[PDB]
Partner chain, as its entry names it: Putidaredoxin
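Consider the single chain below, provided in structure tokens and representing the form deposited without its partner chain.
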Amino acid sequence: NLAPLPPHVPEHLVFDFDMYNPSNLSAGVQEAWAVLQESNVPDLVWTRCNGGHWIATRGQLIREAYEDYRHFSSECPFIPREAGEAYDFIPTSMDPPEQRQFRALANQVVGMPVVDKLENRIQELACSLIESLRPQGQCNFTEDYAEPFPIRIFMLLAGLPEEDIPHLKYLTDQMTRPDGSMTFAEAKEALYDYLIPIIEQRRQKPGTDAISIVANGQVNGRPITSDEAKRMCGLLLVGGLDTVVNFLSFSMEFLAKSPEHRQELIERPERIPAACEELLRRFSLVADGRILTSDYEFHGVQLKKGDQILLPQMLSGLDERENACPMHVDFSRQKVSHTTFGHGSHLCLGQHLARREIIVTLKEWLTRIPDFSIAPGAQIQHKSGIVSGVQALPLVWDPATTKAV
């Protein structure tokens, strides 16, 4: 249903896009969002779906809004309004200047030096999963690799038992793509209920895992509070359980459907990092936003204090004003423009971990299983939300064409 149009919002800017169930979803989720960049769609539209909110449709406006934290605050960064209001993860719910001391701490548990320390385990897990799959000649990619690989790495980093994954994964998914059994506030409450006693335990007896490091950390030289540590750990959990997991499935679906692209990476392994970047542009998948701190005129549109604005990270790289032939995957693309990992002061802290997971996946998979396709008959379905994803990805191949390492 459609929220009544607010008096201040011009009728000619109304485009009722539903970010949790977009009209054109069956053509693929990026395609469905890309309808916002068809001719005759303004740079900034209002949807009456999900309580009503603005959507910036072009990378120029998305970037500008992300840079301007004084007008576009991350205090309420999710749609619908109930979810954005409840949302209190650190650092994402804070604006500069107060945000920064918290980023620095988070960077200590997911930053480059940590990723370098994880490198061998990341490599081993990829190899163990793929080798185990190789003789079978099929898999359900979402459950058999896309989920266990990045998630087990995160649980290792966090010192959390893998048997807790089903519960934590369910809760994280309700925050990004709710099935309707839980509001965002209920899912958050449950994530914090899980975390509170582990945070307390690890402040009493500090270990070397990421929760211990955050919960015993300092921010600008003063001790972090129990409550702050919980709000940061919760975010780390969502990042670990619902980002790369989804991205790997878009990429693998594409590689399954495109022998010529796999062939390029098989003949030319050195291109994998570039291919990773071009897939991160084409299969970009996050869309969150900001709240207006004051009435503000932005690109000839009057925004009112309290208005929410969706600033889809997904859209910048798909905009033909940033990338010619944006729906085409070109691993040789010269200037790969995107905001897949966000933009401005909230630039993704997990991006080095993400790219390492993606590049290790591509290298290891294409080495052992160069030739695969979608299961015959399978109608691949995407799902949309704050993070988009793939419902199921059944793959098949002939074991005879695979290679043991």
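Positions refer to the first chain, counted from 1.
If you look for the form deposited with its partner chain bound, you will not find it shown, but the lines that follow are about it.
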{"property": "Distance check, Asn107 to its partner chain in the entry with it bound, heavy atom within 4.5 Å", "result": "yes"}
{"property": "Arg100: touches its partner chain in the entry with it bound, heavy atom cutoff 4.5 angstroms", "result": "yes"}
{"property": "Any non-hydrogen atom of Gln60 within 4.5 angstroms of its partner chain in the entry with it bound", "result": "no"}
{"property": "Interface membership of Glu143, its partner chain in the entry with it bound, 4.5 Å heavy atom rule", "result": "no"}
{"property": "Heavy atom within 4.5 Å of its partner chain in the entry with it bound - residue from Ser345, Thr367, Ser373, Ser337", "result": "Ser345"}
{"property": "Selected contact from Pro223, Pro166, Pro113, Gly306, since only one has a non-hydrogen atom within 4.5 angstroms of its partner chain in the entry with it bound", "result": "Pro113"}
{"property": "Option from 374-382, 49-57, 28-36, 348-356 whose residues, in the entry with it bound, bring a heavy atom within 4.5 Å of its partner chain", "result": "348-356"}
